[PDB]
2 protein chains.
Amino acid sequence: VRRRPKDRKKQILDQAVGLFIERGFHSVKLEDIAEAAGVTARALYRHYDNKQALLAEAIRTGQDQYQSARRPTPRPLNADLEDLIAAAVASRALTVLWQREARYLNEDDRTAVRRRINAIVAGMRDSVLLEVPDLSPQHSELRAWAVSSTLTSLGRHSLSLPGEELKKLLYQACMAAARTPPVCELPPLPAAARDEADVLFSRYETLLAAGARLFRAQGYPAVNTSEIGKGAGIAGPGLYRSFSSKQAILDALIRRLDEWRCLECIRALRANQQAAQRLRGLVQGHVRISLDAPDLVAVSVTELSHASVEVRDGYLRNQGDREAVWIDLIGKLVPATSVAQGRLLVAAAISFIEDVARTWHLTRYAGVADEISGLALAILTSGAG
Amino acid sequence: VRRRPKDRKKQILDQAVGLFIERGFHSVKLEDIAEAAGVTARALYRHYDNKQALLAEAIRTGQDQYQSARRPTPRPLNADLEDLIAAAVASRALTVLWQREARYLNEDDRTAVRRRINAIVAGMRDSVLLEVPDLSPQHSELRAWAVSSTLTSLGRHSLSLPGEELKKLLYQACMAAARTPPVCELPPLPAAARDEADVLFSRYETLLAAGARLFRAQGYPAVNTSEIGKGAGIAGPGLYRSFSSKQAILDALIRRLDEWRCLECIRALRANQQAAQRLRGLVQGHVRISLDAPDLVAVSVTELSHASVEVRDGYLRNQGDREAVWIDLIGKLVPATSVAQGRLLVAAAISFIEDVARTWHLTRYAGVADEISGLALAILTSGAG
DNA sequence: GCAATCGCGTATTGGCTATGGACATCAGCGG
DNA sequence: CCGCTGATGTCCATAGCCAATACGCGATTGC
DNA sequence: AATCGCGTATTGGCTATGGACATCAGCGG
DNA sequence: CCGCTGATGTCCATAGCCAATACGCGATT
């Protein structure tokens, strides 16, 4: 009656990849993967030793799929862009494997996936430097990260364009980002922790900072209450003296980020009245907030699925309203850009800003915020052609 | 058995004053006052036309009590500060009568109460100008408001000092505030509504602004969902497509103000490391937030009793932590001041900033924020002598 | 092309609390 | 001591208001 | 001079899931 | 009809989230 397909491992791996993409590593039970393949958990143990081994196999398979879709001597970015775009469109879902799921692996696998990502970014940087021969290494790295984040932003949503419109949009955005002239010399800053200790002036602030750091480093389901308490110097019952629960801490982080973004948007709107100056002010405020609180940005990017329904819905609605304001300004500045193209460009720019803000070594230069804002504005305005 | 004291209306008025001070005018029923006076509700109608007449009588009685406590040619502030301080210490619980309960009266009674308050402030300004005869009208008005707000702050909490320490503290604070040299000139601002309209970029923002304005103008129990919907341009039931309930708007306003204050405090802490500059930066951030959002300040001052328990508790705890940071800085700068004196001075400065921020005609000058910050710092630092 | 959403006026609806009429009782006074 | 007209308490009910949630009606958008 | 909540460190559950013996087919000779 | 490969039954171990109880405070009425 029941037959062994002799390819059980491939089916189990495919189901695990799908479930990890959809719901996450901790929220997907082994029996869920087994049922998706019409087996039980002990069959998976017959095929894989551990659940973590299954996750590592899934992440490696996703990276191999991206590499195969990518399909030697470095060539100008204009020559390689079409291939890069095709690969990106085909692999849009799998971004979370390396970006979020890989967070849960052991040190060796994390180092391996980090090496793969760094090699990809280095190839993109080589292409960018071949496109513009006269560029400082920091500027070349920034433009390479801009191109990479623009290509990777497709995995943060489900929007698309009919026909070859999406490819044209991505090509224009990447080429405009790459060919942006430098705005400052970008000198390395002398190289903080004292300011970080000073800004934790209460037990509530210390617990909030410890929770945000632990959520960014490990993940919400993987952080104990005792870990947050130790970060604050107490036990978990101390955290429950200060908070109602850990979901309360997550909701507090999300609400704090939302309110800060709203305040910066209000200030930017009140400061300027013309379209260009207003868009520049909004981009500058977003960059400022992203650079000042990388942990909040990382939490909002990753752990949003574990927050309360009302908090998540409100945060998403407010972000959508601010993005709609951005799209209206973009459409005013560039009449050719439509609304779908506008939101695609806005998502790409936001992804670039957030990705650069989280990386530490990219933000160790004087006046890097101006460069980030200029690159984001170039990406947003690339719709002109 | 039952006895009619023939002075029943005086006891009814006393109980009404006590209940109006303790809790809101809308939060006490006529049955509560009647029970406190040992009578039934219609017995009150035998002595008063309605509840609004009783409220007006209570407010007039409180103002008359303050006037009697105070008791010609104006005298220098140093020769009248003893009397004013005594009057304030005696009338501290009565202040809310002409500050919150006044909004529920008729137009004529509101104008009469405003006239009484303005006459008191004008007498204070005359005393201040007699003390320092080298001040422009704007500076004299600002210093008079500083003194009046210091006394009103003393009439805002339950803190006190043993013996004549409180009188000495208030005298020093008022004299330091009055004797502050002008920080800068105050040219009248050329005279927006355009900035008040574009910042409402979504239905949620419009509803929030309308709710805040209505709560400030009338009070939380006196505003129904119909007015908020009309301010947003929709029907009353349409408000629930964006909010869970009417209390959700108040909770959102309180949370927004708390997060904005927290962000400004964090920025001020990170900007400066020395004690004096750090305290100046904290005061400047508080002044900036108070001046930019007067409606939020008014809501937090008045309608806080109608918010959720958790939201109110969190807001109070965060404000207490920030004020504790202020008190630590004050104690570092001035070794003489103790913790309780620091609490009193911080309350005085905060009340001064909030009172000046809410008044519209006082803020129509160029660089008034610097003068407000200077006066607040003069109040806070006072205590060296 | 058509069904699933989506705002948006209206329409109820279950408290809830100022008022209020009918009736009742103390107050001191004038024989 | 005792009626005897003021003034001053109760007892129970009613009317209007005000969250908050039902409908139905249109217009739009994914399939 | 009692009297008090205020933190603080264990303490004890209740509940999910990951992993695992024992039995179990199937699938090529 | 047989020896290897895969599967299915329950089952237990153990971690993690909230309460609950314990003494000291150090300030409060």
Side-chain angles (χ1 to χ4, degrees), chain A residues 1-9 12 25-35 37-54 158 203 220-229 232-248, chain B residues 1-2 4-9 12 25-35 37-48 50-55 203 220-230 232-249 339-340:
Chain A
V1 191
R2 300 187 178 181
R3 334 219 72 80
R4 327 272 199 252
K6 155 190 325 293
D7 52 74
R8 272 294 196 204
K9 221 168 79 166
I12 290 161
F25 175 76
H26 297 277
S27 313
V28 164
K29 289 158 50 58
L30 265 189
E31 85 155 65
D32 283 359
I33 304 137
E35 185 202 36
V39 286
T40 56
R42 286 291 279 109
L44 321 181
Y45 286 96
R46 204 60 90 164
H47 291 295
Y48 300 82
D49 39 322
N50 289 345
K51 188 185 178 193
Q52 192 174 55
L54 189 37
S158 266
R203 168 146 301 170
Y220 175 84
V223 172
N224 303 0
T225 60
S226 66
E227 272 179 86
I228 309 146
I234 59 188
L239 172 166
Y240 290 102
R241 283 204 300 289
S242 293
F243 290 85
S244 180
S245 45
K246 45 189 317 211
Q247 193 178 64
Chain B
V1 188
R2 300 267 188 79
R4 292 154 195 187
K6 162 206 325 293
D7 57 274
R8 190 73 97 175
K9 86 169 313 171
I12 291 163
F25 162 83
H26 300 274
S27 178
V28 317
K29 320 171 223 90
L30 279 180
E31 97 161 16
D32 286 349
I33 307 172
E35 180 201 52
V39 296
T40 40
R42 270 281 273 151
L44 314 187
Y45 286 97
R46 287 287 188 185
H47 301 283
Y48 296 94
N50 36 60
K51 210 165 94 122
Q52 193 156 115
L54 184 43
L55 172 67
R203 162 75 52 79
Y220 176 83
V223 178
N224 48 345
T225 56
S226 183
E227 307 176 41
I228 308 134
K230 159 185 200 49
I234 45 157
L239 169 142
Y240 294 85
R241 258 130 49 202
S242 301
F243 295 89
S244 173
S245 52
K246 210 177 88 160
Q247 202 185 58
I249 323 185
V339 175

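So that the names make sense, note that chain A is the first sequence line, chain B the second, and so on, each numbered from 1.
Nucleic acid contact for A:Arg3: sugar-phosphate only, since backbone atoms but no base atoms lie under 4.0 Å from a heavy atom of the residue. A:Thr225 comes within contact range of the sugar-phosphate backbone alone, with a heavy-atom separation under 4.0 Å but no base atom that close. Contacts of B:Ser245 with the nucleic acid, taken as non-hydrogen atoms under 4.0 Å apart, involve only primed sugar atoms and P, OP1 or OP2.
Atom P of nucleotide C:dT19 and atom OH of B:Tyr48 are separated by 15 Å, given to the nearest angstrom. Distance CG (B:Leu30) to P (D:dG9): 15 Å, rounded to an integer number of Å. Rounded to an integer number of Å, the gap from A:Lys246 NZ to F:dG16 P is 9 Å. Rounding to whole angstrom units, CD of residue A:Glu35 and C1' of E:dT17 are separated by 16 Å. If you take CG of B:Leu55 and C1' of C:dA18, they are 14 Å apart, rounded to a whole angstrom. In this structure, the CG atom of B:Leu239 is 12 Å from the P atom of C:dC8, given to the nearest Å. Rounded to a whole Å, the CD1 atom of A:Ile33 is 11 Å from the P atom of E:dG19. Atom CZ of B:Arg46 is separated from atom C1' of C:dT19 by 13 Å (rounded to the nearest Å).
Comparing D:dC18, D:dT8, E:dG26 against the side chain of A:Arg4 picks out E:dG26 as the nearest. Comparing C:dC8, F:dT8, F:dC18 by their nearest atom to the side chain of B:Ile234 picks out C:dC8. The side chain of A:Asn224 lies closest to F:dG16 when the candidates are D:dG9, F:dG16, D:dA20. Listed nucleotides: D:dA19, E:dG18, D:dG9. Nearest to the side chain of B:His47: D:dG9. Side chain of A:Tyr240, nearest nucleotide from C:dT19, F:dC18, D:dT10: F:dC18. Among E:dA20, D:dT21, F:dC18, the nucleotide with an atom closest to any side-chain atom of A:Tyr45 is E:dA20. For A:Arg2, counting side-chain heavy atoms from C-beta on, the closest listed nucleotide (F:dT8, F:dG16, D:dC11) is F:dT8. Distance from the side chain of A:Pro237 is smallest for F:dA20 among the nucleotides E:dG18, F:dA20, C:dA18.
In this structure the side chain of A:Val39 never reaches within 4.5 angstrom of the side chain of A:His47, judged on heavy atoms. Between B:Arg46 and B:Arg8, every side-chain heavy-atom pair lies at or beyond the 4.5 Å cut-off.
At least one donor-acceptor pair under 3.5 Å links the side chain of A:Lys51 to the backbone N or O of A:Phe25.
Taking the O4'-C1'-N9-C4 or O4'-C1'-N1-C2 dihedral as appropriate, D:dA20 has a value more than 90° from 0 and is therefore anti. Syn is the classification of F:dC23, since its glycosidic angle stays within 90° of 0. Anti is the classification of E:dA20, since its glycosidic angle lies more than 90° from 0. Glycosidic torsion of D:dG9 falls within 90° of 0, placing the base in syn. Syn is the conformation of D:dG6, whose glycosidic angle sits no further than 90° from 0.
Under the Watson-Crick or G-U wobble criterion, with both distances below 3.5 Å, E:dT10 is paired with F:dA20. Base pairing analysis places C:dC2 opposite D:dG30; the two distances defining the Watson-Crick or G-U wobble pair are each below 3.5 Å.
Pairing check for D:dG3 against E:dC27: the Watson-Crick or wobble criterion is not satisfied at the 3.5 Å limit. Between C:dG7 and D:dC25, a Watson-Crick or G-U wobble pair is formed, both defining distances falling under 3.5 Å. Taken as a pair, F:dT8 and E:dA22 qualify: Watson-Crick (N1-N3 plus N6-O4 or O6-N4) or G-U wobble (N1-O2 and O6-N3), both under 3.5 Å. A Watson-Crick or G-U wobble pair does not link D:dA7 to E:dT23 when both relevant atom distances must lie under 3.5 Å. A Watson-Crick or G-U wobble pair links C:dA18 to D:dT14, both relevant atom distances lying under 3.5 Å. In this structure D:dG6 is not paired with E:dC24, as neither the Watson-Crick nor the G-U wobble definition is met at both distances under 3.5 Å. Under the 3.5 Å cutoff applied to both distances, F:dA13 and E:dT17 qualify as a Watson-Crick or G-U wobble pair. A Watson-Crick or G-U wobble pair links E:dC14 with F:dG16, each of its two atom distances being under 3.5 Å. Pairing check for E:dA20 against F:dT10: the Watson-Crick or wobble criterion is satisfied, both distances under 3.5 Å. A Watson-Crick or G-U wobble pair does not link E:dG26 to D:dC4 when both relevant atom distances must lie under 3.5 Å.
Between the base of D:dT8 and the side chain of B:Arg8 there is no donor-acceptor pair shorter than 3.5 Å.
Closest approach of B:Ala222 to B:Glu227, counting heavy atoms only: O-OE2, 3.9 Å. Among all heavy-atom pairs drawn from B:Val223 and B:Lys246, the shortest one is O-NZ, 2.6 Å.
A positive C1'-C2'-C3'-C4' torsion places the sugar of E:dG26 in the north, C3'-endo-side range. Judged by the sign of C1'-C2'-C3'-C4', the sugar at E:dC6 is south, the angle being negative. North is the pucker class for the sugar of E:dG28, given a positive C1'-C2'-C3'-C4' value. A north sugar is assigned to E:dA25: the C1'-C2'-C3'-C4' torsion is positive, on the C3'-endo side.
Neither OP1 nor OP2 of C:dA27 sits under 4.0 Å from any side-chain N or O of B:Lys6. Within the 4.0 Å cut-off from OP1 or OP2 of C:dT17, not a single side-chain nitrogen or oxygen of B:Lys29 is found. Regarding contacts with the backbone of E:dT8, a side-chain N or O of A:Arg203 is found under 4.0 angstrom from either OP1 or OP2. Listed pair B:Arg42 / D:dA7 fails the phosphate criterion, with no side-chain N or O lying under 4.0 Å from OP1 or OP2. Close to E:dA16, at under 4.0 Å from its OP1 or OP2, lies no side-chain N or O of A:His26. In terms of phosphate contacts, B:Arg241 brings a side-chain nitrogen or oxygen within less than 4.0 Å of OP1 or OP2 of C:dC8.
Considering CD1 of A:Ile12 and CG of A:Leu54, their distance stands at 8.0 Å, rounded to 0.5 Å. Separating the CG atom in B:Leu30 from the OG1 atom in B:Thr40 is a distance of 11.5 Å, to the nearest 0.5 Å. To the nearest 0.5 angstrom, A:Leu44 atom CG is 10.5 Å from A:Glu31 atom CD. The distance from atom OH of B:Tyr48 to atom CD1 of B:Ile33, rounded to the nearest 0.5 Å, is 9.5 Å.
Sequence order on DNA chain E of the closest nucleotides to A:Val1 and A:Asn50 puts A:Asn50 first from the 5' end.
Heavy-atom neighbours of B:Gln247 CD from other residues, nucleotides or ligands within 6.0 Å: above the threshold of 12.
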